[PDB]
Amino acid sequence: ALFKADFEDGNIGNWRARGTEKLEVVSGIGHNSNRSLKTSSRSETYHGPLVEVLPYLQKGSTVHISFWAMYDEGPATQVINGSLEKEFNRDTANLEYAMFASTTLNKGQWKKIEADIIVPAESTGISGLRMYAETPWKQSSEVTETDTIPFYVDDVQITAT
């Protein structure tokens, strides 16, 4: 593993919110385990747990990212996405975003989201690369309660290929 987060130590570490949402390491809920990272008070689809991973990785490499996700309120099914937030030339005002994977989850059931990703080369000027989870993109005016349900992540892992 290049990077692993199982939350079993109860530490938030470098995980962060993307807007006004709340992150919390909870106990009593986890993927085959007692702890996981809960994201709640989401009021946009793009709210979700984020972590910077570029320092763990070699620029110009391909790595395998996976994590487990679960939600337990609202609709019978819901899509969750795994996405990347990228920063180039330390320009915080010109970020880009890409979805790397997506699965449909069933209420109460843990499921794995995974894909190979490319870490852009040094010569791109890449200066941040953050993985995050969210619900499928759409804008503020179209946002509904099914979109902004709380959800859990666990067993986040990045591996060499």
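Numbers for residues come from their place in the sequence shown, where the first is 1.
**Student:** Please compare 84 to 92 with 68 to 76 and say which has the higher mean C-alpha temperature factor in the record.
**Tutor:** Higher mean C-alpha B-factor in the PDB entry: 68 to 76.
**Student:** What stretch has the higher average Cα B-factor here, 116 to 124 or 93 to 101?
**Tutor:** If you average the C-alpha B-factors of 116 to 124 and of 93 to 101, the larger mean comes out for 93 to 101.
**Student:** Considering only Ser33, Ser41, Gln58, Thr45, which residue's Cα atom bears the greatest B-factor as recorded?
**Tutor:** In the PDB entry, the greatest C-alpha B-factor among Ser33, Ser41, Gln58, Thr45 is found at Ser33.
**Student:** Considering only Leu50, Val63, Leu129, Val26, which residue's Cα atom bears the greatest B-factor as recorded?
**Tutor:** In the PDB entry, the greatest C-alpha B-factor among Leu50, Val63, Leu129, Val26 is found at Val26.
**Student:** Could you tell me which third, lowest, middle or highest, the C-alpha B-factor of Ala1 occupies within its chain?
**Tutor:** According to the entry, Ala1 has a C-alpha B-factor in the chain's highest third.
**Student:** Thinking about Cα B factors across the chain, which third does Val143 belong to?
**Tutor:** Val143: CA B-factor falls in the highest third of its chain.
**Student:** Which third, lowest, middle or highest, does the CA B-factor of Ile12 fall in along this chain?
**Tutor:** It belongs to the highest third of the chain when residues are ordered by C-alpha B-factor.
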